[PDB]
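Peer 1: Residue numbers (the entry's author numbering), protein chains in the order written: chain B, 299 to 338, 348 to 718; chain A, 299 to 338, 350 to 716. The beta carbon of each residue, even a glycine, is placed where N, CA and C say it ideally should be.
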Amino acid sequence: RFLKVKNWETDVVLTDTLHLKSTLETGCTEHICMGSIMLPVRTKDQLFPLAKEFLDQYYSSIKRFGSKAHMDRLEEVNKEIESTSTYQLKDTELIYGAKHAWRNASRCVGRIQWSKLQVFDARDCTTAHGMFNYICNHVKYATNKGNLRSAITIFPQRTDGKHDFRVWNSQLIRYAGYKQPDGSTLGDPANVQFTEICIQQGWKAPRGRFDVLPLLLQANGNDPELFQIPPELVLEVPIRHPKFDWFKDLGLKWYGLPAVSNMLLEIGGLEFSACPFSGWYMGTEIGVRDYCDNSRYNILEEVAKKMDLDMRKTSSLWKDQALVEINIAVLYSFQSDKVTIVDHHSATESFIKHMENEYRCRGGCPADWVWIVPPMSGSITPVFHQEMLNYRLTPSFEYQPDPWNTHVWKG
Amino acid sequence: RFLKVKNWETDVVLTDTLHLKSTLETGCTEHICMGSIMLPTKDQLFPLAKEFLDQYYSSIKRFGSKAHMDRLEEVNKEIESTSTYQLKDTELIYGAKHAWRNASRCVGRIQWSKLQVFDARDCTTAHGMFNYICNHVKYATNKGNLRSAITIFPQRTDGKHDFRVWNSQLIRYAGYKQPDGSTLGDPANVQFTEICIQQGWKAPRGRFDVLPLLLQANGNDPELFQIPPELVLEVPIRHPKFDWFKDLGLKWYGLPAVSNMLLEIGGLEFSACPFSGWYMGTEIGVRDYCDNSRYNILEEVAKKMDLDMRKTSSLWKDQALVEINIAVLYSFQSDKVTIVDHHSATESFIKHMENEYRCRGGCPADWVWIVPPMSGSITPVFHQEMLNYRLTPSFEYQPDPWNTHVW
Ligand code: HEM
Ligand code: HEM
Ligand SMILES: Cc1cc(N)nc(COC[C@H](CN)OCc2cc(C)cc(N)n2)c1
Ligand SMILES: Cc1cc(N)nc(COC[C@H](CN)OCc2cc(C)cc(N)n2)c1
Ligand SMILES: C[C@H](O)[C@H](O)[C@H]1CNc2nc(N)[nH]c(=O)c2N1
Ligand SMILES: C[C@H](O)[C@H](O)[C@H]1CNc2nc(N)[nH]c(=O)c2N1
Ligand SMILES: [Zn+2]
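1. Less than 7 Å separating the Cβ of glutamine 478 of chain A from some heavy atom of ligand 4?
2. Would you mind sorting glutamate 608 of chain A into buried or exposed? The rule is 16 or more other CB atoms within 10 Å of its CB.
3. Closer than 7 Å, Cβ to any Cβ of chain A: which residues of the segment 309-327 of chain B, in chain order?
4. Does ligand 2 have even one heavy atom less than 7 Å from the beta-carbon of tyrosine 588 of chain A?
5. Go ahead and pull the three-state DSSP assignment for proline 545 of chain B.
6. On the premise that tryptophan 587 of chain A lies in contact with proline 531 of chain A, defined as a C-beta separation below 8 Å, what is that separation, rounded to the nearest angstrom?
7. Of the residues that make up the segment 620-636 of chain B, which ones have a beta carbon closer than 9 Å to any beta carbon in chain A?
8. According to DSSP, which residues form a beta bridge with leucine 312 of chain B?
9. Excluding sequence positions up to five away, which residues of its chain have a Cβ less than 8 Å from the Cβ of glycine 453 of chain A?
10. Counting C-beta neighbours from all protein chains within 10 Å, is the total for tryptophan 676 of chain A 16 or more, i.e. buried, or is it exposed?
11. Is it the case that the segment 358-377 of chain A contacts the segment 397-417 of chain A, given that we only count it when at least three CB pairs across the two stretches are under 8 Å?
12. Of all the CB atoms in chain B, is at least one closer than 8 Å to the CB of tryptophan 587 of chain A?
13. Under 8 Å Cβ-Cβ, which residues of chain B neighbour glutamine 642 of chain A?
14. Does the beta-carbon of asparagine 664 of chain A have 16 or more other beta-carbons within 10 angstroms, so that it is buried, or is it exposed?
15. With hydrogens ignored, establish whether the beta-carbon of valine 677 of chain A is closer than 7 Å to any heavy atom of ligand 6.
16. Looking at the unbroken alpha helix (DSSP H) that takes in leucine 401 of chain B, where does it start and where does it end?
17. Could you run through the segment 682-708 of chain B and flag, in chain order, every residue whose CB is less than 7 Å away from some CB of chain A?
18. Tell me whether residue 346 of chain A sits in a helix, a strand or coil according to DSSP, three-state version.
19. State yes or no: is the C-beta of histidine 407 of chain B nearer than 7 Å to some heavy atom of ligand 6?
20. Can you find a heavy atom of ligand 1 that lies under 7 Å from the Cβ of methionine 570 of chain B?
21. Rounded to whole angstroms, what's the CA-CA distance from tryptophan 711 of chain B to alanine 526 of chain B? Just pull it up for me.
22. For ligand 6, is there a heavy atom less than 7 Å away from the beta-carbon of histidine 692 of chain B?
23. Less than 8 Å between the beta carbons of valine 416 of chain A and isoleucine 679 of chain A, yes or no?
24. How big is the Cα-Cα spacing for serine 585 of chain A and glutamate 705 of chain A?
25. For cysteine 331 of chain A, decide whether its Cβ has a neighbour in chain B, counting only Cβ atoms nearer than 8 Å.
26. Taking 6 Å as the limit between beta carbons, can you name the residues of its chain near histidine 548 of chain B, skipping five residues before and five after?
27. In terms of residue numbering, what span does the alpha helix (DSSP H) encompassing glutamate 503 of chain A cover?
28. Contact defined as beta carbons within less than 8 Å: I believe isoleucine 480 of chain A pairs with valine 519 of chain A. What is the distance between those atoms, to the nearest angstrom?
29. Among the candidates A/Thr688, A/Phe462, A/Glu389, whose CA atom is the shortest distance from the CA of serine 568 of chain A?
30. For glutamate 539 of chain B, count neighbouring C-beta atoms within 10 Å of its own C-beta (all shown protein chains included) and say buried if the count is 16 or more, exposed if not.
31. Going along chain B in order, which residues have a C-beta closer than 9 Å to the C-beta of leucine 557 of chain A?
32. Closer than 8 Å, CB to CB, is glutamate 592 of chain A near chain B or not?
33. Out of B/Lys386, B/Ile330, B/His470, B/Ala412, state which residue places its alpha-carbon closest to the alpha-carbon of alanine 581 of chain B.
34. What span of residues does the beta strand (DSSP E) with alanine 581 of chain B cover, start to end?
35. At 7 Å on the CB atoms, spell out the chain A contacts of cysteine 415 of chain B, in chain order.
36. Could you check what DSSP says for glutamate 705 of chain B in three-state terms: helix, strand or coil?
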């Protein structure tokens, strides 16, 4: 079956056949759409088809489908599963798998880059100290003095689910948040709970507005351990504005390297529960969400004040005005410091080109509109006008519950 | 089966049970979400009638009463006999209000029960339709202090006698292609404008020519009428700080009045049911003005502001976008024509959602449409999970008449 998507700005119509390979479920039914819902131990039994399906895709991508090498690998994995109950990926397959998980990530606007991805195989890692070392090298390599390079580090796969490797941090680099006795928050309110965990684990909190959190690292199902990333490896950008000289006095900065560390990588039915990955920021992630969400730094009031905008009525659009100047500031700052960043026009325009190419070469591009459309100026970007089909391909990045909710404490 | 929706800004979680009365289908499956796609006999009629009448009598605390059973019997008698039936005024009013209440793509629904319903089921000719429409227009406009309204023409019968308003809105500007290659006026209306021209309209060939109405009665061939200019309230667009703004020659009309949709109540189909409210500022300032295939004025505005248009990362589009929207709200306010900004409107919708969850067990909502086309995440709807499902009575889309009409 064929499915058509239309662009309402350009009248370009695309045809999707790829959704026919989608097996995982969406949350939607013929009776309810859950497209805006944020979040809508395996047997040999279920494992072998998952392996087979992955290996068939891998071997097709290399133009070796049906080869002796293909058939031998299937036989080899089969036996490994039935005798050890799991199996090991070849390096080539891990790399391919990690790239495809990104390629398949329907909520990611940055997928034009999917084939340039540095893969660090950390499956020999055994201890939290070892994880710390891997992660520092990833941070250093990715950051590359501001000329950011995409990368992922892949720690050992799940076995019985009692020996999981986990990074407790949601991102490798994030700022602490501290709830004050008076109800106000110092630093990033999104990280209060994790910050408290860190403190309980023995972290000495500086208690400032932008303190880089320590890594909390769990190897092999053991209790997690704290490590401070060397500050010299943590690239930061002070935020100033090209015309507003008082902007620097707001005291803002941000880190250069967005690195997701709480997600689960699924490849051929194998589960990599610690697989931190990083790229580079789109301006709005910081200037819209991090700075201006009410539940985050929430700087809109202070910025509009300094601009002396009329704040007595929302219909002056004072918020919208301060929002734009803040985002100009973020882009200006990163560019002035030669730290890679992309604006939301450029990123969305690239994504449309990526998406069309994907339709041609691959028969589709699963995309989540709710996520792809930027959180400011939505309809003056080309993605707003683009119909999209959202479905689930593997390999994939999945959510997983927070480790402090499930961890069995050894003491 | 009982579904939770979370607000990620406030942690407020609401439980939705209303979806269990969902009737129509979504376009989605368990394999594929189509949430971002713009458009995805006697036997059939009595179930549809019963379901409606059941909810009606339920709304007036008379469920299971003799009056309930009696009407159910009468409508049944009427369907069996006449193959269709007629709504009581009370039911028609309830039906219309609920169609709006159920419009999952409408952010303005907190207003749903203050709706003036004009019953035009006695209409027989296109002239009569014109008369009804001018009255609707005048009543809703109300010298700028706008009031919501719907006018309901006779229901579909055998399908060869449809009433239809050919315009997509009661009030829209004409669109003209030129030898130039460019488009004069509203590019979205070019085709309708040609149909008008070819039906006989003499066009003034300007940028902002209010289109004539093209009215179809009783499945007859549609006829043209011009709305009395004095009834079409328009607003010249100026900026509270930029004096040059007015030089762009921008104006818009005050009354948003959708005329191309189909109202379904109790299984009956009202193919001509123009309805109107008042604008949210972004509909004009973001979409009408700045869409690339609309008036597309960002380039020209940015120039007058003298912004750096060399590089996308100066955010010159975004800067100019904000100013254009400041000017729309300011012009409507200054001339005292009701308008709502996207902050106040989405805040209203969040309070409405809470009322609906508390009072009805849910509120069907399409996030893709509810979140404003600028500044999404600084409005509270962005952070609100919504569940989208289709309840009846409903406004539905329907094929453009010229593709259907045998002359
Ligand atoms: C190259 C630079 C990149 C840019 C500009 C980019 C951009 C984005 C943006 C703007 C989002 C939405 C994030 C949010 O609003 O929270 C996103 C989500 C995502 N990205 Fe990309 N990305 C990039 C690289 C990558 C890489 C290297 C991977 C994996 C290898 C990846 C996988 C994902 C996944 C799994 C999500 C969804 C996360 C979630 O559901 O919370 N991205 N990315
Ligand atoms: C009270 C003033 C009103 C405001 C501020 C309002 C707000 C809106 C907005 C912003 C949209 C999205 C439209 C677009 O992007 O094109 C919308 C769509 C809709 N509204 Fe409301 N509305 C109002 C009155 C009404 C009334 C009185 C009805 C019915 C009686 C209604 C039913 C709908 C329907 C059916 C749609 C979807 C149209 C479509 O899918 O093309 N609206 N409205
Ligand atoms: C690798 C990468 C690059 C880039 N530019 N952006 C990203 C995305 O940042 C991830 C973002 C950080 N919290 O995750 C999104 C998120 C946030 C929240 C509050 C909940 C949730 N489920 N998911 C990743
Ligand atoms: C009643 C009402 C009030 C208000 N403030 N805004 C509206 C929305 O305008 C309706 C508009 C009809 N042209 O619907 C949006 C739309 C336009 C077009 C060209 C196509 C489409 N699928 N949907 C209606
Ligand atoms: C409820 C709603 O789905 C939620 O706020 C989503 C909307 N779209 C988003 N889009 C992006 N890129 N990132 C987000 O965190 C969100 N949040
Ligand atoms: C492709 C996408 O579904 C389409 O552009 C939608 C997105 N959201 C919208 N939202 C509103 N309010 N009005 C629209 O016309 C659209 N267009
Ligand atoms: Zn869906």
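Peer 2: Reading off the structure:
1. On the second sequence, position 169 is the one that residue 478 of chain A refers to. Under cutoff, so the answer is yes.
2. Counting from 1 along the second sequence, the entry for residue 608 of chain A is found at position 299. Exposed is the call here.
3. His317, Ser320, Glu323, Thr324, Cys326, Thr327
4. Walking along the second sequence from the start, residue 588 of chain A turns up at place 279. Yes, the beta carbon of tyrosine 588 of chain A sits closer than 7 Å to at least one heavy atom of ligand 2.
5. Working through the first sequence from its first residue, we reach residue 545 of chain B at position 238. Looking at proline 545 of chain B - three-state DSSP - the assignment turns out to be strand.
6. The count along the second sequence starts at 1 and reaches residue 531 of chain A at position 222. The count along the second sequence starts at 1 and reaches residue 587 of chain A at position 278. No, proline 531 of chain A and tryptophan 587 of chain A are not in contact; Cβ-Cβ is about 28 Å, not under 8 Å.
7. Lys620, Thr621, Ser622, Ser623, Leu624, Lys626, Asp627, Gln628, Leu630, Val631, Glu632, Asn634, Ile635
8. Along the first sequence, one-based indexing puts residue 312 of chain B at 14. B/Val303, per the DSSP bridge assignment.
9. Position 144 of the second sequence holds residue 453 of chain A. Correct list, in chain order: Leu542, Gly563, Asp644, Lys645, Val646, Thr647.
10. The residue labelled residue 676 of chain A in the question sits at position 367 within the second sequence. Counting Cβ neighbours within 10 Å, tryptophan 676 of chain A comes out buried, since at least 16 surround it.
11. yes
12. Numbered from 1 along the second sequence, position 278 holds the residue referred to as residue 587 of chain A. For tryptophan 587 of chain A, the answer is no, since every Cβ of chain B falls outside 8 Å of its Cβ.
13. Residue mapping note: residue 642 of chain A aligns to position 333 of the second sequence, counting from 1. Within 8 Å Cβ-Cβ: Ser622.
14. The count along the second sequence starts at 1 and reaches residue 664 of chain A at position 355. Exposed, since its Cβ has fewer than 16 Cβ neighbours within 10 Å.
15. As a working note, residue 677 of chain A is residue 368 in the second sequence. Yes, Cβ of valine 677 of chain A sits closer than 7 Å to a heavy atom of ligand 6.
16. Translated into positions along the first sequence, residue 401 of chain B becomes position 94. Note, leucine 401 of chain B: alpha helix (DSSP H), 398-410.
17. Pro682, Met683, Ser684, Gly685, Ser686, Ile687, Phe691, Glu694, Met695, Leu696, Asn697, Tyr698
18. No atoms of residue 346 of chain A appear, because in chain A residue 338 is followed directly by 350.
19. Counted from its first residue, the first sequence places residue 407 of chain B at position 100. No.
20. As a first step, residue 570 of chain B is located in the first sequence; it is residue number 263 there, counting from the start. Checking every heavy atom of ligand 1 against the Cβ of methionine 570 of chain B, one is found closer than 7 Å.
21. On the first sequence, residue 711 of chain B is found 404 positions in, with the first residue counted as 1. On the first sequence, residue 526 of chain B is found 219 positions in, with the first residue counted as 1. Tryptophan 711 of chain B and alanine 526 of chain B: Cα-Cα distance of roughly 14 Å.
22. Residue 692 of chain B sits at position 385 when you count from the first residue of the first sequence. Because some heavy atom of ligand 6 lies under 7 Å away, the Cβ of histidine 692 of chain B counts as near it: yes.
23. Numbered from 1 along the second sequence, position 107 holds the residue referred to as residue 416 of chain A. Numbered from 1 along the second sequence, position 370 holds the residue referred to as residue 679 of chain A. Yes.
24. As a working mapping, residue 585 of chain A is identified with position 276 in the second sequence. As a working mapping, residue 705 of chain A is identified with position 396 in the second sequence. When rounded, the distance between both Cα atoms is 15 Å.
25. Against the second sequence, residue 331 of chain A aligns to sequence position 33. Closer than 8 Å to some Cβ of chain B, the Cβ of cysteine 331 of chain A qualifies, so yes.
26. Locating residue 548 of chain B in the first sequence gives position 241, counting from the first residue. Cβ neighbours of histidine 548 of chain B beyond the five flanking positions: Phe554, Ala636.
27. For the purposes of this step, residue 503 of chain A is identified with residue 194 of the second sequence, where counting begins at 1. Residues 499-508.
28. Taking the first residue of the second sequence as 1, we reach residue 480 of chain A at position 171. Taking the first residue of the second sequence as 1, we reach residue 519 of chain A at position 210. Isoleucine 480 of chain A to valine 519 of chain A, Cβ: 6 Å. Contact.
29. To locate residue 568 of chain A, count along the second sequence from 1; it is residue 259. Residue A/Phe462 is the option with its Cα nearest to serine 568 of chain A.
30. Residue mapping note: residue 539 of chain B aligns to position 232 of the first sequence, counting from 1. Exposed.
31. Reading the second sequence from its first residue, position 248 is the one you call residue 557 of chain A. Those do not exist, as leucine 557 of chain A stays about 18 Å from chain B at its closest Cβ, beyond 9 Å.
32. Sequence index remark: in the second sequence, residue 592 of chain A carries index 283 (1-based). Output row for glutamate 592 of chain A: interface = no.
33. Here the question's residue 581 of chain B lines up with position 274 in the first sequence. Ranking B/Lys386, B/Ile330, B/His470, B/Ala412 by Cα distance to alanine 581 of chain B puts B/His470 first.
34. Position 274 of the first sequence, counted from the start, is the residue given in the question as residue 581 of chain B. First-last for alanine 581 of chain B: undefined, no H or E at that position.
35. Residue numbering aside, residue 415 of chain B sits at position 108 when the first sequence is read from its first letter. Within chain A, no residue comes near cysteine 415 of chain B; the closest Cβ sits about 16 Å away, beyond 7 Å.
36. As a first step, residue 705 of chain B is located in the first sequence; it is residue number 398 there, counting from the start. Residue state, collapsed to three classes: strand.
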